[PDB]
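Quick mapping for you: the protein sequence lines, in order, are chains A and B.
Heads up, the first sequence is in PDB author numbering, so the first residue is 1 and it goes up one at a time.
Heads up, the second sequence is in PDB author numbering, so the first residue is 1 and it goes up one at a time.
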Amino acid sequence: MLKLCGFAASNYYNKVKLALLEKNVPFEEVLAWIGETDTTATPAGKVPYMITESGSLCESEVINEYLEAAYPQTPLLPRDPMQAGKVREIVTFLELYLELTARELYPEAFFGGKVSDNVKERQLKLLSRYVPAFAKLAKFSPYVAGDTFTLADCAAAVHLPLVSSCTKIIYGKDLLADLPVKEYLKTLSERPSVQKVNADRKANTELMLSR
Amino acid sequence: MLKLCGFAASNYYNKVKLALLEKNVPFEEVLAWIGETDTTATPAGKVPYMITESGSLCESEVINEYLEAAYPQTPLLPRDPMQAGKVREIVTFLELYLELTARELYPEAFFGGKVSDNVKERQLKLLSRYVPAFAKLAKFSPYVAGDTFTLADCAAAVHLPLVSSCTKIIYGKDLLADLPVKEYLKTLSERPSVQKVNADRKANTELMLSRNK
Numbered sequence: 001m002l003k004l005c006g007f008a009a010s011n012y013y014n015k016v017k018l019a020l021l022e023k024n025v026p027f028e029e030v031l032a033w034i035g036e037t038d039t040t041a042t043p044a045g046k047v048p049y050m051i052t053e054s055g056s057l058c059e060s061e062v063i064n065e066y067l068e069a070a071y072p073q074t075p076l077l078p079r080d081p082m083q084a085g086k087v088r089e090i091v092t093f094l095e096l097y098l099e100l101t102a103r104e105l106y107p108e109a110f111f112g113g114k115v116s117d118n119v120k121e122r123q124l125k126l127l128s129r130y131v132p133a134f135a136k137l138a139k140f141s142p143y144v145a146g147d148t149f150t151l152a153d154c155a156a157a158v159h160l161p162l163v164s165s166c167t168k169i170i171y172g173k174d175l176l177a178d179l180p181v182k183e184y185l186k187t188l189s190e191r192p193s194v195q196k197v198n199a200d201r202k203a204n205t206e207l208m209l210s211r
Numbered sequence: 001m002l003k004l005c006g007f008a009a010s011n012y013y014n015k016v017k018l019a020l021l022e023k024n025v026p027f028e029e030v031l032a033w034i035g036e037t038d039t040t041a042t043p044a045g046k047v048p049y050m051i052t053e054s055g056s057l058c059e060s061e062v063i064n065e066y067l068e069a070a071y072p073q074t075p076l077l078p079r080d081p082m083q084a085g086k087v088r089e090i091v092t093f094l095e096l097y098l099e100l101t102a103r104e105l106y107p108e109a110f111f112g113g114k115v116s117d118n119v120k121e122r123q124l125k126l127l128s129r130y131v132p133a134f135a136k137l138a139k140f141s142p143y144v145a146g147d148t149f150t151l152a153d154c155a156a157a158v159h160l161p162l163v164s165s166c167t168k169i170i171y172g173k174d175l176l177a178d179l180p181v182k183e184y185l186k187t188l189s190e191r192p193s194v195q196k197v198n199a200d201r202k203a204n205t206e207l208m209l210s211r212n213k
């Protein structure tokens, strides 16, 4: 049985969890806090990581690509190369330009730290460019990349709420406000995978901050 | 035939170019400078981007995945999912943790700007953790992910030299010094693809820097 390692307070962990659940791949969840990870499976100590009989993988999108390839029964990518491209493009744009941009701010927004005004100013200029660019790509019809649920949704379902929260705190504005995110999440809310992931997330987040 | 858009001074452009060359896929290069891109194709103005009859794609790894699916004749990924995964893991680690980390220094290293001491310190602490982590994934036997040329080499071939140059300029030491990068580039040096890419890279860098923009 494949082991998904990390913690449900992690959005990238939840991205993989969503894929696993949607595809009906059996898996075991392993609680591995930062600093308590398997450095042979995850050499830079990042979560999530996956351990199987055949090996380990330590980057969430790499994992999800592996799942697509290893478990073809319920595909989460379109068959057509271009269409699959458009899904991947939405994921990448999302993670590289929205999530990672916002992530520079998380120490302050979420973990009681401080980030400089210079950093804040930098990230805002990026987000101001990147959000409208992402809106150009996203479909929300009703799913992020179109009329079906894909790997892009696995990513959007977990990243969008965090980018929103983060920006509201730092900038006093939800920089995703002009996107149909509330309606998107409502669409997702109905899904059992999403319900489990969100319930687990809240539980782990409480646990993590109790510590 | 597909258009590869951007400019050859770009490492991410060249990553795609190498894949195209290696796979014998025909393409046309379209010059598109930063600030002058086709934003219907590339909404955040990033290069490289690809335009085909069927549509457009604007991220390099997204493009290279597309080429593998659309042009399967000369594969740059193994068939085994786990093996294909190790290759992707190398690309991802390298880009997210080595390239993007060093990229924060490029303004000063390459473009005559200044980055703050705080930024230099930050990035150095990151690279000092991430380089040895990368070294654990990398095989260099003789290729980056193993004994065959893969998509990971298209990435490593372009990103590793830039990370070394950057760090030497900024820190007065090659932070990749403990990896066999010299030997790796020599391995790659013989490849016609790499030779064309490097030639064009240099020509375009000079042109780029000549511009009043």
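Where a beta carbon is used, it is the ideal one built from N, C-alpha and C, also for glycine.
Hey, does residue i have any beta-carbon neighbour from chain B nearer than 8 angstroms?
{"i": "residue 1 of chain A", "result": "no"}
{"i": "residue 136 of chain A", "result": "yes"}
{"i": "residue 85 of chain A", "result": "yes"}
{"i": "residue 82 of chain A", "result": "yes"}
When the cut-off is 8 angstroms and only beta carbons count, does residue i lie next to chain A?
{"i": "residue 92 of chain B", "result": "yes"}
{"i": "residue 114 of chain B", "result": "no"}
{"i": "residue 66 of chain B", "result": "yes"}
{"i": "residue 141 of chain B", "result": "no"}
{"i": "residue 62 of chain B", "result": "yes"}
{"i": "residue 55 of chain B", "result": "yes"}
Give me the Cα-Cα distance between residue i and residue j, rounded to the nearest whole angstrom.
{"i": "residue 73 of chain A", "j": "residue 187 of chain B", "result": "40 angstroms"}
{"i": "residue 3 of chain A", "j": "residue 30 of chain B", "result": "45 angstroms"}
{"i": "residue 135 of chain A", "j": "residue 179 of chain A", "result": "7 angstroms"}
{"i": "residue 193 of chain B", "j": "residue 47 of chain A", "result": "36 angstroms"}
{"i": "residue 52 of chain B", "j": "residue 92 of chain B", "result": "26 angstroms"}
{"i": "residue 18 of chain A", "j": "residue 197 of chain A", "result": "7 angstroms"}
{"i": "residue 163 of chain A", "j": "residue 87 of chain A", "result": "20 angstroms"}
{"i": "residue 126 of chain B", "j": "residue 116 of chain B", "result": "16 angstroms"}
{"i": "residue 107 of chain A", "j": "residue 208 of chain A", "result": "15 angstroms"}
{"i": "residue 176 of chain B", "j": "residue 150 of chain A", "result": "38 angstroms"}
{"i": "residue 158 of chain B", "j": "residue 10 of chain B", "result": "9 angstroms"}
{"i": "residue 94 of chain A", "j": "residue 104 of chain B", "result": "20 angstroms"}
{"i": "residue 132 of chain B", "j": "residue 39 of chain A", "result": "12 angstroms"}
{"i": "residue 111 of chain B", "j": "residue 37 of chain B", "result": "20 angstroms"}
{"i": "residue 71 of chain B", "j": "residue 205 of chain A", "result": "44 angstroms"}
{"i": "residue 64 of chain B", "j": "residue 171 of chain A", "result": "36 angstroms"}
{"i": "residue 216 of chain A", "j": "residue 41 of chain A", "result": "Since the first residue of chain A shown is 1 and the last is 211, residue 216 of chain A is not available in this structure."}
{"i": "residue 120 of chain A", "j": "residue 182 of chain B", "result": "39 angstroms"}
{"i": "residue 212 of chain B", "j": "residue 143 of chain A", "result": "44 angstroms"}
For residue i, go through chain A and note every residue whose CB falls closer than 8 angstroms to its CB, in chain order.
{"i": "residue 78 of chain B", "result": "Residues of chain A passing the Cβ test: none, with the nearest at roughly 10 angstroms."}
What residues of chain A sit near residue i, judged by a beta carbon separation below 7 angstroms?
{"i": "residue 130 of chain B", "result": "44"}
Applying a beta-carbon distance threshold of less than 7 angstroms, which residues of chain B neighbour residue i?
{"i": "residue 58 of chain A", "result": "89"}
{"i": "residue 133 of chain A", "result": "43 and 44"}
Going along chain B, which residues have a C-beta under 8 angstroms from residue i?
{"i": "residue 97 of chain A", "result": "44"}
Just confirm the distance between the C-beta atoms of residue i and residue j, as a whole number of angstroms; I'd bet it's less than 8 angstroms.
{"i": "residue 15 of chain B", "j": "residue 155 of chain B", "result": "5 angstroms"}
{"i": "residue 20 of chain A", "j": "residue 67 of chain A", "result": "7 angstroms"}
{"i": "residue 32 of chain A", "j": "residue 6 of chain A", "result": "6 angstroms"}
{"i": "residue 89 of chain A", "j": "residue 59 of chain B", "result": "6 angstroms"}
{"i": "residue 169 of chain A", "j": "residue 109 of chain A", "result": "4 angstroms"}
{"i": "residue 8 of chain A", "j": "residue 153 of chain A", "result": "Not a contact, Cβ separation roughly 18 angstroms."}
{"i": "residue 54 of chain A", "j": "residue 82 of chain B", "result": "5 angstroms"}
{"i": "residue 57 of chain B", "j": "residue 85 of chain A", "result": "5 angstroms"}
Identify the contact partners of residue i in chain B, using a Cβ-Cβ distance below 9 angstroms as the criterion.
{"i": "residue 70 of chain A", "result": "81, 82 and 85"}
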